[PDB]
Amino acid sequence: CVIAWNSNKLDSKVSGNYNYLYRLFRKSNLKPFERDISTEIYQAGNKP
Amino acid sequence: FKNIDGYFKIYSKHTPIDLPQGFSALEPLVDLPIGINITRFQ
Amino acid sequence: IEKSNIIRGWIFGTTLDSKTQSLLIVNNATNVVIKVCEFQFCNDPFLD
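Chains as they are written, first to last, in PDB author numbering: chain A, 432 to 479; chain B, 194 to 210, 215 to 239; chain C, 95 to 142.
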């Protein structure tokens, strides 16, 4: 089962919150039920 | 040792005695929800 | 094929370093400890 609900009054601040982060770049697609917490920069070129 | 769908499974057996010629089975003993990427072991 | 319990445990992971995840299974004569953490290794892993 998947449950979703609203948390506007619990996760909204006038100055803005930045505690919640997501990931945008990765080399390969993710296996089901897998967790990765790496921090290495995305190698788009040759020089590290 | 097996690892599928984010679950780690371990079967084991013990017996008294090159490997001997005979037949025996193994019983399930560990299942864990580890869910990581495994490639090499020690 | 063993006597006197020389083989102790196992390590599983990707690169076996302080960077990414690692599983340790140790059997130090008292209990079967399974521990999945972010763990550091040396080049000569041994136990007394």
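By construction, the Cβ of each residue, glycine as well, lies at the ideal position given by its N, Cα and C atoms.
Item: What are the boundary residues of the beta strand (DSSP E) that includes residue 200 of chain B?; Value: 200-205
Item: Kindly indicate which three-state DSSP category residue 232 of chain B falls into: helix, strand or coil?; Value: coil
Item: Assign residue 100 of chain C to one of two classes, buried (16 or more other C-beta atoms within 10 Å of its C-beta) or exposed (fewer than that).; Value: exposed
Item: Look at the alpha carbon of residue 439 of chain A and the alpha carbon of residue 433 of chain A, and state the distance between them as a whole number of angstroms.; Value: 19 angstroms
Item: Can you check which of these residues, A:457, A:445 and A:453, is closest to residue 471 of chain A by C-alpha distance?; Value: A:457
Item: Only counting the same chain, and skipping five residues up and downstream in sequence, which positions put a Cβ closer than 8 angstroms to that of residue 224 of chain B?; Value: 204, 205 and 206
Item: Could you work out which residue in B:222, B:232 and B:220 is closest to residue 196 of chain B when comparing CA atoms only?; Value: B:232
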